[PDB]
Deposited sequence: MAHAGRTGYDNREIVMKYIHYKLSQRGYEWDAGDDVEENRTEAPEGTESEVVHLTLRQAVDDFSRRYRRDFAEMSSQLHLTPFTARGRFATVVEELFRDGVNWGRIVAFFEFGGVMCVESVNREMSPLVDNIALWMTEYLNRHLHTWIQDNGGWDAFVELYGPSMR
């Protein structure tokens, strides 16, 4: 297995530097994932900007917002596209957190992403060849 916590941390750190923010916290996998999420981001750019504006992120709504969106995303199953959208969505929440002067939310979202990966996505990811199979498919 690849360490999903490390995959979350590297991706979130990457996304925040894309916005000019600097967040203190296998390389082929990290690069392939960031490329797929970037592609997805650019493909649906206007949609994600509109989502951002409706997020209404506060410390009291963030946890439930993350959980409800992610449970809907995977409601009837998992595939690699939904895994990419999951990283995109978590990244959008982290960006909104720093943009709204709630940068401590970033650390919480990263943990919620890591926890969802390990609690709900690990079996599917492993059953389907692990992150190496993602690299082979998106490469």
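Gaps in the coordinates relative to the deposited sequence fall at 1-7, 33-48, 163-166.
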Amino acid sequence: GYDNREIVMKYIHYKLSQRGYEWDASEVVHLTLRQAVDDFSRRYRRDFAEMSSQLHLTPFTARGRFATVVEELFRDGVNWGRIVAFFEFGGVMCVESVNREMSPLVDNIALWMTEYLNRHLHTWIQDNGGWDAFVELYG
From here on, numbers count along this sequence of modelled residues.
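Looking at 109-117 and 48-56 together, the entry lists the larger mean B-factor for 48-56, computed on C-alpha atoms. Here the stretch with the larger average CA B-factor, out of 96-104 and 78-86, is 96-104. The deposited CA B-factor of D39 belongs to the lowest third of values across its chain. Annotation for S26: C-alpha temperature factor in the highest third relative to the rest of the modelled chain, per the entry. The entry lists a Cα temperature factor for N128 that places it in the lowest third of the chain's modelled residues. Sort the chain's modelled residues by C-alpha temperature factor and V8 lands in the lowest third, per the entry.
Sort the chain's modelled residues by C-alpha temperature factor and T32 lands in the lowest third, per the entry.
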